[PDB]
Structure formats: structure tokens, C-alpha cells
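See structure below.
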There are 2 protein chains.
Amino acid sequence: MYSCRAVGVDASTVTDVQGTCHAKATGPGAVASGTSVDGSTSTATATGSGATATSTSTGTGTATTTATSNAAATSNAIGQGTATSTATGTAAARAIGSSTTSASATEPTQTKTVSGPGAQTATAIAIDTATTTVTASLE
Amino acid sequence: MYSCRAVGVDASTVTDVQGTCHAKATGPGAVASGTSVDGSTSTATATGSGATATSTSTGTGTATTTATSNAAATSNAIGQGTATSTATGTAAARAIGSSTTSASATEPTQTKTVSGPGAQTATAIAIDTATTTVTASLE
């Protein structure tokens, strides 16, 4: 297994790449982490205070997360498929995205796009393609 | 890999067990499914119309989902840990639970308990123990 982690510090972008595992974090309170294998890809990008991006892939899966500001994006590409999650929050409106691809899911594709004032969440589970996009704006 | 799936039919409980993969569905519009390996355990239980329970485990992970009525519970125990999700909804208030355990998570434990009128979501990601409990009640 490869594992990667980048912790954002003031006025820095930090990159950690191990094999097929790419983590990138910008600014204080940003954390990107992942695990992957040969044949899989994990990409995690976090920007700004309260941003957490976690990408987990196995088999031939691609797990991609992008978290900005008060936001968590989690992608689990378990054995196969493309799990993509993008989440953007603001102070006092947290955006949470979760995408999973798994042979146990019922649907080939699941897409959730969510946008509004205050806390917002979007979750997708699919066999081939799980995609979540979440924006939380000021109440 | 083992895979299991149970589709609820009228006035029936349906059970499908393959190796360490246990799916149980009761009533029409209930679906439970999972994948697991030797050394892992997946348990998925769905009851009532609109209930979807999906349990994915690898390595030594335990993935447990329970979905009742207008509800989705998803547990991903990737390589290790105990991912447990319980979700209960009603007509026009959907409950969504997602729990993931993964070596790429930042925190050993993450617990989210969520209850209220209208749609409710809870997501947890952790290294060892991710637990979500969600109840959505009538607005």
C-alpha cells in the first residue's frame, strides 16, 4: 500500500506523493491524506482553514477529493470505479461530500450536486462512478 | 471476494449469506447488499419501502449497515476498523448515514448522531471506529 499526507501551514502549499498517492494541502487548518496501491490512484487536495480531503483507493479505483475552507471531501474507490468529491464551505456553513465506488453498490452511476446557505451534505455510492459536489454559503 | 444481496418482497424477509457477507431485506422496496473477504465481515439489513443498506469490507474490517423506511446506510470498512451506520426515515424525510474506516483517515474514532424533522444526513470517517446514527422525522 502507499499512503500520503499533506498538512497545510501558513502561506504554504505542501505536497506529499508516494507512488500513486497524491496529497496537497494549502494554508493553516488544511489536511489532505490518502492510501492507494499500484493500479489505483488517490488524489486529495485541501485549501484553507477547516478543509479535510481523504482519498482511499484499492484495485483499479480512482479516488479524488477537493476540500476548500470549512469542508470535508471523502472518496472511497474500493476495488474499482471513480469516486470524486468536491466540497466548499464558509465560516459557520460546513460542506460535506462523500463518494464511494464499490462492487456492492446497486447503481452503476450516482451523482449528487448540492448548494445552499448553511451546512450542506452530499453522499453518493455507485459501482462505476460516484460524484458529489457540495457548496455551503452564508446563512 | 464474497458478495451478497437481499431484495425485500411483500410480507417477506429475504436473507442472502455468502461466506462473511450477510444481507437481509424485509418488505417491498428494501435492498441490502455487501462484499467481504475471509477475515472481514459485512452485515447489511434493510426494512421497509426506500431502505438501502450497503456494507463493503476488506482486510480485517467490519462493515455493518441498518436502514429502515426512507433511508440509506452505507458502511465501508477498508482494510481494517469497524464502520457502523444506522438510518431511519419516514415518507418525505430521508435519513442518510455513511461510515468509513480507512488507514488514510486522520482520527482513530469518529461518531455522528443526528436526529430531526425533514431530511437528515450523518457521515463519519475514522481509522478504527466510524459510527453514524441518523433519524429523520415528519416535518
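In the text below, chain A, chain B and the rest are named by the order of the sequence lines, each starting its count at 1. As a basis for the values below, the full set of heavy atoms in this structure was taken, side chains included, without hydrogen atoms, waters or symmetry mates.
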Exercise for the section: Over all heavy atoms of both residues, which pair between B:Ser104 and A:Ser33 is shortest? Give the atoms and the distance, please. Expected result: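 Scanning both residues completely, I find the closest heavy atoms to be O-OG, 2.6 Å.
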Problem - Nearest heavy-atom neighbours spanning A:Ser102 and B:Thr35 - result: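 It is OG-OG1, 4.2 Å.
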Problem - Test side-chain contact (heavy atoms from CB on, under 4.5 Å) applied to A:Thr74 and B:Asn76, B:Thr123, B:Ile125, the passing residue - result: B:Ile125
Problem - Region of B:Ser36 that comes under 4.5 Å of a non-hydrogen atom in chain A - result: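 No part of B:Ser36 comes within 4.5 Å of chain A.
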Practice task
Could you tell me which of A:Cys4, A:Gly34, A:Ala122, A:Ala119 has the largest number of non-hydrogen atom pairs under 4.5 Å with chain B?
Solution key: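 Among the listed options, the one with the most contacts to chain B is A:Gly34.
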Fill in the blank from the handout: With chain A, the option among B:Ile96, B:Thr106, B:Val31 that has the most non-hydrogen atom pairs under 4.5 Å is B:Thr106
